[PDB]
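A.B. asks: So I've got this experimental structure, pasted below with the sequence.
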Amino acid sequence: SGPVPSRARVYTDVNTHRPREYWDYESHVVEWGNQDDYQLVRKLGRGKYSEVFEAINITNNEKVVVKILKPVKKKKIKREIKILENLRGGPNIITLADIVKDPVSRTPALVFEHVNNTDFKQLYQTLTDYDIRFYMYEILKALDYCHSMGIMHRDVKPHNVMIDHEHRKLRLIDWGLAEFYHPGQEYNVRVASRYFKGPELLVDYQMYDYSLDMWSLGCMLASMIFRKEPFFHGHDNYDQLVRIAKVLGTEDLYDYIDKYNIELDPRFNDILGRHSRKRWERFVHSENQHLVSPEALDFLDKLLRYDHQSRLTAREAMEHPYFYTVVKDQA
Ligand SMILES: COC(=O)CN(CCCCCNCc1ccc(-c2ccccc2)c(Cl)c1)S(=O)(=O)c1ccc2ncsc2c1
């Protein structure tokens, strides 16, 4: 039998209609810029595959961020660089400015345009319904753009969204897990961070697509409006699907595995159990009411859905009533 195949409801054949070099990144030659142009100022972060530094380009004296990579397969470095190049100049997409090798350490280093990230202290406590609507709109601009350019990000989460609230700016970053959509293709499922993995990942359904991104956007929206970070708080990959099941109910889950004839690790059968889909109102309190609205919950419900094929698209999301004010305040 085997799993039932799936296509993407949108942007399906986008990459097919492009020159192979667009998506066949293994093909891609990298021209190394001059590592002496940049001097590193201070470390900004550390993140498993990369370290990040603020640095200055002594050619012209512009501030800049350098991401020094830890060893990864060249094919994956190529992949990140091609996607960044393909996406450069796109809405709220980080801008890759240069690529440099240390002459000795041989570690590759991506250089980006400087963007400031306002502290999560000043942010979280002062956001308000409006600001969240705004920035969710900004994220959807990026997701619709990358999806329309045949790319799925595969690691949407707070840590990969930078907000410069002084200048009401937002950038979607860390494209090192993004990959190109191709109809037919079975992809690796152990991608994204645990709280944001869609159910397709958790059940080992590999023929997924851009729709994966929309699940994690939902996971973000959820923890913002209910102020519950992370929203689905699983202790391991299995229990993660249990946390979801405990909100979205087990009935819709099994319908999903049936529709796509997915083989569930017998392990899950003894852990999922029987659960009702919960109404959103039991996550609402006094402390968070001000972010929760009928439109917020309609929007959220239409992202957080086991069946990838039935989640909103990025465009659909942008057209939802939840954003009616941000689309008018921007015209
Ligand atoms: C390894 O990474 C780190 O150590 C942290 N980095 C930056 C990440 C900062 C975390 C951003 N979280 C803020 C955030 C994001 C989204 C929301 C939001 C969610 C739902 C609705 C509306 C908003 C919120 Cl509240 C906060 S970082 O290293 O310094 C850094 C800085 C600049 C830069 N430029 C290109 S890559 C890069 C990396």
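C.D. replies: Thanks, I have it. Numbers count the residues shown, from 1 in each chain.
A.B. asks: Give me the nearest residue to residue 21, chain neighbours excluded.
C.D. replies: residue 27 (5.6 Å; Cβ to Cβ, 6 or more residues apart in numbering). C-beta coordinates here come from the backbone N, C-alpha and C atoms, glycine included.
A.B. asks: The closest residue to the ligand within the chain pairs with what?
C.D. replies: Per Cβ to the nearest ligand atom, residue 45 is where the chain lies closest to the ligand, at 1.9 Å. Residue 45 has the following beta-bridge partners by DSSP bridges: residue 52.
A.B. asks: can I assume it is in contact with residue 52?
C.D. replies: Yes - the criterion here is Cβ atoms under 8 Å, and residue 45 meets it with residue 52 at 4.4 Å.
A.B. asks: thinking again about what came up before, neighbours of the residue of the chain closest to the ligand, just the number please.
C.D. replies: Neighbours of residue 45 under the rule other Cβ atoms under 10 Å: 12.
A.B. asks: Return the distance of it relative to residue 174.
C.D. replies: Residue 45 is 10 Å from residue 174, where distance means Cβ to Cβ, to the nearest Å.
A.B. asks: likewise residue 77?
C.D. replies: In terms of Cβ to Cβ, residue 77 sits 14 Å off from residue 174.
A.B. asks: Give me the nearest residue to residue 321, chain neighbours excluded.
C.D. replies: Spatial nearest neighbour of residue 321, excluding adjacent residues (Cβ to Cβ, 6+ apart): residue 295 at 4.6 Å.
A.B. asks: list the contacts for the one you found?
C.D. replies: Going by Cβ atoms under 8 Å, 6 or more residues apart in numbering, residue 295 touches 320, 321, 322, 324.
A.B. asks: Is it in a helix, a strand, or coil?
C.D. replies: Three-state call for residue 295 (DSSP: H, G, I helix; E, B strand; the rest coil): helix.
A.B. asks: Over to residue 227?
C.D. replies: Strictly by three-state DSSP, residue 227 counts as coil.
A.B. asks: Give the burial count for it, as a bare number.
C.D. replies: Residue 227: 16 neighbours (other Cβ under 10 Å).
A.B. asks: The chain should start at 58 in everything you say after this.
C.D. replies: New numbering, starting at 58: the last item is residue 284.
A.B. asks: what about the closest residue to it other than its chain neighbours, neighbour count?
C.D. replies: Nearest residue to residue 284, sequence neighbours excluded (Cβ to Cβ, 6+ apart): residue 345, at 4.6 Å. By other Cβ under 10 Å, 14 other residues sit near residue 345.
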